[PDB]
Each structure stands twice: as C-alpha cells, then as structure tokens.
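Visitor: No sequence on hand, only this structure:
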RNA sequence: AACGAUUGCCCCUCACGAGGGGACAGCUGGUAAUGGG
Ligand SMILES: [Zn+2]
C-alpha cells in the first residue's frame, strides 16, 4: 500500500574519453538547444510543445530551425528536452517561491511590528526576473548534464581495438560474469615489509608510544574490531592501480566513454544489498540504466532500480493531531520506540529514549534513557564552529574590501559609532542630559528613558497606542529599537549580491557547507542508531520540535550592556536549522516517521504538576515552584514533556 | 540480530609504510534585510 518512490544516488568516476566533451555530438547539439531555449521568451514556450515521438522531434527542429548535428534518437533526446524545459521553468518558479518567502517574512515582521507599536512597512517592492517581452535575466547557464538511456546503458568493458585506454591500463582483462574478488586480504597483518599495504608493528595491539624522532606521545586505536568497515587497498604504482579497476563503456554512434564502477561496488557493499560474491553484470543490473554524466566534474551519478532498493518516502512530516492516529496504527500490533530530541546551544541535541507500548485506549510512555552526544563529537563540533566562523568573518571582510566608493565608509562605521550616535541624537532630539540618568544600566526590562520622557512631558499623543489583540504604553525598548541607523536597502541588495557572488564561487565555502551537512547527518545518525540498539524495536520514530515558529526557546537573558541590543548573528540558529533539516531529510531517505510538535509551551511545564509559571526556568535548571525539584531543564524535563505532548495531539492546556 | 566492503570525498592521527571515524540523496537553489506570548 506504500510503494517505494525514492532511489538513492551512487557516484563513480570517469577514466578516459574519446574526445573532449565539447566535440561530442550529443553534447554540442544539446548545448545549441540550451542556448536557443534559455534565451527564448515565455509566450512562445506556452505555444511550444516538443513532442515525445521522433517525428514530432523532427517537426520541432524544423519549425524553429535549430539543428541536431546528426543525432535524432527516438526517446534518447526526450530526456534532454524535458530537463531543459524543467530548468527553464524552474528559474521562474524558484524566483516566485523566493518572493513568497520574502512576503511571509514581511508579514511576520508586520505582525510583530504593528503589534509592538512601531511604524509598519507598507510593503517591499516586488522582485521579478521575467522581463515584459519574456527574456529572462540571470538566465540558467550551460549545464554539464549528459543523460544516458536504456538503449545505451553501461555494459562491461570488452576489449575493442577502437577503444584505446591510457597507457596505464595496458593489460586489462576482466571476465564480465565472474565474481569480483575481495580487495584487501582477510587478515591485514600478513602483508610483508616490501609489499604495499604493510601495517607497521605499532598499529596492532592498540597502545600508546613515543615516536623516535622527538618522542611525542602518540596513541593508536589499533586494528578496528568492527565487522562492517570499508577496507582500503594499496598498490605499489598507478599501473598496478589500473589493472584492478572496474571499467564499463557507453556506446553511442562510435563515440564512447569509459567509466570506472568501483564507486558502485563500494556503494553496494555498504547497504549489504550486494552479496559478498557478486558478478559485474549482476552489479550493473542492480542499478537503473540511466546514469547522468557530469562533464564539468568527471563524475557519473548512477541511481538504484526501485525493486532492488529504495524505501517509501512520506511526502509530509506529521504534526499536530495526526500523531494520535499514527500511534494508534503503528502500535496496534507492535511496540514502537519514541526518541524525543530537543535542540539547544549549550548541548546541541538532547535525546530521551522511551518505549511506547499499547493497552486498549492508552499509550504508556515508559522512558529508558536520557542521554547527550559523546565527547569526541562535541570536539568535532567545536573545531567546525571555530573553522566556519573564522571563514565567515574573513569572507565578510573581503566582500567589504570591494564595493562602490560611496558605500565603504558608511558600512565601515554604521555599527561602530552606532551606540554613540544613537544616544547623542536621542538626547539632542529630546534634550535629555545623559549624565543625570545612568546609561550603561539598560536591561531587557529597563524603562528609565520612558519615565524621563513623561517627566519632560512634551506630549501624550506620540506614546500611547492600541496594540491589536488593552491600550498600554509599551516599553521604551521599542523606541531604542526604532532608532537604529539601518542603511539604504537599495544598497543592501548591492551588498548582498557582492556577498552572494563571492561565496557562490569561492571553494572554501562549498567545502565547509558540505562538511556541515555531512557532520550534521552524523549527529542525527548516531542518535537514531543508539535509540535502535537500546529499544530493540525496529520502528524508531523521532519526535522533534518545530523551530520555524519557535519564539521563546531562547537564553535566559541578554547582556545588560548598551552594546548588546544589536548583537547581529549572536552565535545561534546555524546548527539548529541544520539539525531540523537533517531530520526532515531523515524522513524521506529511510521512510522514518517524524513528529513535529510546537515547542513554545513544552519546555516550561512538567508532568508532576500542571502549573507552568514562566519564571520557573533559569535556562539550565527547571525549578518547579510547586513540586520542589531540580532537573536539567533540557535533558530531563523538556524531552519528557515533548513525548507527553506527542502521545496526545492536543498541546498542553494553558491556565 | 545480519559477521571487517578495492578508487573516491571529509575529518582525525602518522614513525609516511598507513591507521581510526564519518556522511552517501544527488544536481543547483540555500544563513542575508528591521521577528524576547
Ligand atoms: Zn511541577
């Protein structure tokens, strides 16, 4: 009833080509089509319909006049056409979503503002990239995708004098139907001194020893006592490397290209969906027959055939009252693990494992284990945080170094003199003497300035207002918030375009971005695997609080300095986003159930007593003021309550 | 539970002979504007 609709990708390399990809008929022809179509306007595309059949393809190439350089493949081409229309329509769909995101942000600030009391921005100018005629600025550039199709799908590299390999693959024989041998020897302590892959005596029998040269203390974990660890093989030379490869070809009109399949073997021995002995032809049939060659990267992305592998992917994360039905259904037969995860800044995630079982009309939430992530991964988190923060500051400083002349000075000192400029203009505008009123002692709840305003008694019109749900004069904090020297937003765009471009191209940023995603998958993977090895129940369904609307899950109190009203990017909300994103992707990659329950109330109540006074929480100690108790507010009470609001779809009642 | 998996990529360690750990949904968009019931 739940058919698979997801196929994981597998990436391999490419060894040698016939001739540089630009010369390729398929590619050069596709490049011409890309150029003709990405500078085509909108309205003709509406009329345009490239037909699936080949006679319609030829009718199409004739009615517009663009040529195909001898390549009319029935249903070979269709892929190129469909993806080209896909990218073209995306470059407006992706802008339309961008504008809608800005609109939602604008609405959110308006709700905050026209309630808090300050001026409400009528609107922000609509951003579109489509020109009136239909030409598309910022057009999608030429792409390296080279789709391959069933009638061309890769096949085991037999020897053909026309097919010529680089000199390193001098003698290559490989029985395509034979079982591919295992690379490393079974016992890795046998390799002798000379042969490659020789593990020196001091990496066995894990110990701690001092190197000869300077005696620096160096430990070693030893040979890994694990059963499912990829083995790394080492050859003496690059020609010895060559003869032990997995070469497959793709043949189209006497212009081939040979690609190396070791990646798919590794990707198949990972999931244990490949027996320990398996043949090359069986491996190639284990995957879908439509790779995508990336010509600007020399990387081939295979995908899995649905039947071999590929789980179900639930389209939507489940929130709210649906949880009731999910537990009623998933628990009707068997017991389900329920790990509750709670994100923060001191302790990146805190998880509490329970074991949901079932007696008619009840969900007993037996809890097993509160835990925190281990020490080594925290050390990795710290090194990543230091690294990426340093990169961001250097990146921003750089972007600043290059700008129009009229821009640098203001953005150099906009936030520098801001506190001095702000207080001086405020005093000058309302005449207040700074020294008679203490200035440094401004806190999150201080209201000294506003009472000083009423002492001056200039008027009552400007101050009282009626926050849309009692007419209350609000915090002077709001005035402080208003009087902040934000620069022109006509140039904010120019500033952010410089920032966008520099990061878009610089390698460092991509490296760090990939590391963040990889290191964040890991932080949620360890957690999920531990809950599985702890509950002994196959179905583990992590429940995670939404952050999109999180509005009270914050630190105890901001610094009472004047400097700290404007603490841009205060070391927050990069990781958290990543954790939530990694989970929301855990939803689809492995078909897991995920539960989103609104945080805001959750972290400040408890099961022992309903009472939920907002002052009960220091920020790291959850002291109840009825049932005197001491807990780590995050680790023990917050996760327990997330599970509690999970078992029932109703959020906890308030007073 | 399911019994060490041939390149690669990342991190960590190294007596450079390698060892340990990790991601595997990828293409490109995407952390950048004024959001403490
Ligand atoms: Zn209590």
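Guide: The structure has been received and is ready for your questions. Numbers count the residues shown, from 1 in each chain, chains lettered A, B, ... in the order given.
Visitor: Give me every residue in chain A that's in contact range of the ion.
Guide: Counting by CB under 5 Å from the ion, the residues of chain A lying close to the ion are A:606, A:608-609, A:624, A:627. (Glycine included, C-beta is placed from N, CA and C.)
Visitor: which of those has the most neighbours?
Guide: residue A:606 (23 neighbours; other CB atoms under 10 Å).
Visitor: Against RNA strand B, how distant is the residue lying closest to residue A:308 once chain neighbours are set aside?
Guide: Distance criterion CB to CB, 6 or more residues apart in numbering; nearest residue to residue A:308, sequence neighbours excluded, is residue A:286 at 5.1 Å. Separation of residue A:286 from RNA strand B (CB to the nearest atom of the strand, to the nearest Å) stands at 14 Å.
Visitor: In contact with residue A:286, which residues?
Guide: A:268, A:273-274, A:304-305, A:308 (CB atoms under 8 Å, 6 or more residues apart in numbering).
Visitor: now do residue A:506
Guide: residue A:395.
Visitor: Next one: it relative to the ion, how far apart?
Guide: Distance, residue A:506 to the ion, by CB to the ion, to the nearest Å: 52 Å.
Visitor: Next, that residue: phi, psi?
Guide: Taking degrees, to the nearest 10, you get phi -60, psi 130 for the backbone angles of residue A:506.
Visitor: what number of residues lie near residue A:41?
Guide: 14.
Visitor: Not counting residues beside it along the chain, what's closest to it?
Guide: Closest residue in space to residue A:41, ignoring its immediate chain neighbours: residue A:134 at 2.8 Å, by CB to CB, 6+ apart.
Visitor: Look up how far residue A:83 lies from the one you found.
Guide: 20 Å (CB to CB, to the nearest Å).
Visitor: What ranges does the stretch 501-650 of chain A have for its helices?
Guide: A:507-535, A:575-589, A:599-602, A:639-647 (DSSP state H, counting those that start in this stretch).
Visitor: deepest of those, which one?
Guide: Highest mean neighbour count of the helices of the stretch 501-650 of chain A: helix A:639-647, a mean of 22 (counted as mean count of other CB atoms under 10 Å).
Visitor: in chain A, what residue is nearest RNA strand B?
Guide: Nearest to RNA strand B, among the residues of chain A, is residue A:183, at 1.9 Å (CB to the nearest atom of the strand).
Visitor: Can you get me a residue count around that residue?
Guide: By other CB under 10 Å, neighbour count at residue A:183 equals 16.
Visitor: what sits against it?
Guide: So residue A:183 contacts A:231, A:233, A:244 (CB under 8 Å, 6+ apart).
Visitor: give the contact list for the residue nearest to residue A:41.
Guide: A:40-44.
Visitor: Show me which residues of the stretch 551-655 of chain A are close to RNA strand B?
Guide: A:551-552, A:554, A:558, A:565, A:568-569, A:574, A:585, A:588-589, A:600-601, A:604, A:614 (CB under 7 Å from any atom of the strand).
Visitor: ok, back up a step: from the contacts of residue A:183, which ones fall inside strands?
Guide: Cross-referencing the contacts of residue A:183 against strands under DSSP state E gives no overlap.
Visitor: and RNA strand B, which of those contact it?
Guide: Restricting those to those near RNA strand B - CB under 7 Å from any atom of the strand - leaves A:231, A:233, A:244.
Visitor: Wait, the last one touches residue A:236, no?
Guide: No - in this structure, residue A:244 sits apart from residue A:236 without contact. The criterion is CB atoms under 8 Å, and the distance is 11.6 Å.
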